[PDB]
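Encoded as structure tokens, the structure appears first; notes follow it.
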Amino acid sequence: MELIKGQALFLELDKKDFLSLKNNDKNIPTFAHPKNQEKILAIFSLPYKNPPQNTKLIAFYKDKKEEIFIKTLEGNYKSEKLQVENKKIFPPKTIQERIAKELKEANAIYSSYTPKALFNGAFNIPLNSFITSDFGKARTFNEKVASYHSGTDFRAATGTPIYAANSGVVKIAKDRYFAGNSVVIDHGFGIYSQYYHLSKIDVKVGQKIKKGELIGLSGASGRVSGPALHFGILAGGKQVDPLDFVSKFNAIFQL
Ligand SMILES: CC(=O)N[C@@H](Cc1ccc(S(N)(=O)=O)cc1)C(=O)N[C@H](C)C(=O)NO
Ligand SMILES: [Zn+2]
């Protein structure tokens, strides 16, 4: 198979005699196929930054050991080189402490895997508006990706109501340094949706939330150039193309 870096892919495997799915040491979790009792699914994601050229996954069965090859594609992502440099980029120490703490909290959540589905049907778009900056937009320094856009921004005037893309459990609901007012929702199976730069948060950590339900109001908080809704998905432990993923997810999970 082939996959573009920064994308997720749904793997399908036989349910019976299946013991484990591995990439090197890493176990990859599995969940039931919703429409076929003899199948299981797994999600495999490539990082945007520093992917490997190729991936060899092994699915161990009682009497059998099948292999799976996935080649990394580049995609046609938007790319802006920086040759000028002059780089330093370090802030005060209690600000770095904030950045460090919020980062380790977020990884604790993103590492984690709820082994049941908290979602309900297909994902929705968090609001009915257009994209003003797509996932994958990169900044280059020396043929290396310095940074990239880890979600997709929708046009939204400050105060634009924002709805939950799917059901789940709210895991974050506070102002953070880079993301500003942010809500992160656990949908199960290590799938997290993200809603950043909000002007107002309408949910509490731990709170169960249904697809469609209001989560807050759009805003301009955090590292942004103006008011917009930043929408991201994390799955397979990686930030992935939000709209692509929604599209792949709904193909399996409608009804
Ligand atoms: C630490 C970092 O990498 N920040 C990046 C991406 C970013 C945001 C949030 C997070 S999390 N889930 O708290 O670890 C990681 C990475 C970033 O500046 N995103 C800005 C807010 C954006 O998207 N503007 O439209
Ligand atoms: Zn964004």
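Naming works like this for the structure tokens: A, B, ... for the chains as they're shown, residue 1 at the start of each chain, ligands 1 onward in shown order.
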| request: Pick out the residues no farther than 9 Å from ligand 2, counting only C-alpha atoms and all ligand atoms, and list them as a ChimeraX atom specification. | output: /A:133-135,149-154,179,196-197,223-224,228-232
| field | Secondary structure check, strand (DSSP E) residues of region 6-139 of chain A, as a PyMOL selection string | value | chain A and resi 8-14+18-23+26-27+31-32+39-45+54-61+64-73+79-81+131-133+138-139
| request: Skip residue 114 (chain A) itself and residues of its chain fewer than 3 positions away, then list as an MDAnalysis selection string all residues within 8 Å of it, counting only C-alpha atoms. | output: chainID A and resid 117 186 188:190
| Counting only C-alpha atoms, which of A:212, A:52, A:180, A:206 gets nearest to residue 128 (chain A)? |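 Looking only at the distances to residue 128 (chain A), the closest residue turns out to be A:212.
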| field | residue 41 (chain A) surroundings by only C-alpha atoms, 8 Å radius, close-in-sequence under 5 positions cut, as a PyMOL selection string | value | chain A and resi 10-13+30-33
| Which of these, A:248, A:137, A:144, A:187, has the shortest distance to ligand 1 once you count only C-alpha atoms and all ligand atoms? | A:137
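In this comparison, which uses only C-alpha atoms, the residue of A:191, A:84, A:95, A:172 approaching residue 116 (chain A) most closely is A:191.
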